[PDB]
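Given next, in structure tokens, is a single chain: the form deposited in one PDB entry.
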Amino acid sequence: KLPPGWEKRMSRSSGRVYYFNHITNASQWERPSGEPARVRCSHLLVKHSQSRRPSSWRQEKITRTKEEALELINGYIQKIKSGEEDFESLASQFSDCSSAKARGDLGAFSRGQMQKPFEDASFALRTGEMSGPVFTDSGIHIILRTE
């Protein structure tokens, strides 16, 4: 009896059930509570040496590995979930996408327009909800659905 894309999982380190979304890679302790033509999202992108365009306003030659990019992504997720940092502030400071200028805002879009893994996570999110790591050809994303 779980919303779309959510499933119950067992955590081995703590021995407790949690909830996992296999579309967004979101996870949380708490049980989670047509689809629209368009959603609005912000994101924080961390590129790596195998991104389709491995450079950004933050560095001319992006050399980090995929797993280094994932480590940075998880660090940002930790700070956001714990309240140590705001999503928008981290996107402005550290996103490798030029949308960092607008605090990660990408505006509105509909299915078919974005990269498929990005689109699926975005439409699987509920408004105000945040994804886990989402992998695309651009790099690794954190996605926040704002409308």
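Numbers follow the displayed sequence, beginning with 1. Whichever C-alpha set is largest while still superposing within 1.5 Å between the two forms counts as the rigid core.
Chemist: Quick check on the record: how many residues from the deposited sequence are absent from the model between residue 33 and residue 34 (none, 1 to 3, 4 to 9, 10 or more)?
Modeler: The entry leaves 10 or more residues without coordinates here.
Chemist: Pick between 101-109 and 34-42: the one whose mean CA B-factor in the entry is higher.
Modeler: Going by the record's values, the stretch with the higher mean is 34-42.
Chemist: Using the B-factors recorded in the PDB entry, average over the C-alpha atoms of 89-97 and of 118-126, then report which stretch comes out higher.
Modeler: It is 118-126.
Chemist: Which third of the chain holds residue 47 when residues are ordered by C-alpha B factor: lowest, middle or highest?
Modeler: Its C-alpha B-factor, which the entry lists for residue 47, ranks in the lowest third among residues of this chain.
Chemist: Lowest, middle or highest third: where is residue 69 by C-alpha B factor in its chain?
Modeler: Middle third of the chain for residue 69's C-alpha B-factor.
Chemist: C-alpha B factor of residue 28, ranked within the chain: lowest, middle or highest third?
Modeler: For residue 28, whose C-alpha B-factor we compare with every modelled residue in the chain, the answer is the highest third.
Chemist: Would you please rank residue 63 by its C-alpha temperature factor against the other modelled residues of its chain and give the third it falls in: lowest, middle or highest?
Modeler: It falls in the top third of the chain.
Chemist: Hey, what third does residue 9 fall into on Cα B-factor, ranked over its chain?
Modeler: Bottom third by C-alpha B-factor.
Another form exists, deposited in another entry; not displayed. Remarks below refer to it.
Chemist: Quick check on the comparison between the shown form and the other one: with the core aligned, only one of 78, 50, 115, 27 should show a Cα shift of at least 2 Å. Which one is it?
Modeler: Per the superposition, the moving residue is 50.
Chemist: Verify the C-alpha shift of residue 59 between the shown form and the other one: is it 2 Å or more after superposing the core?
Modeler: It does shift by 2 Å or more.
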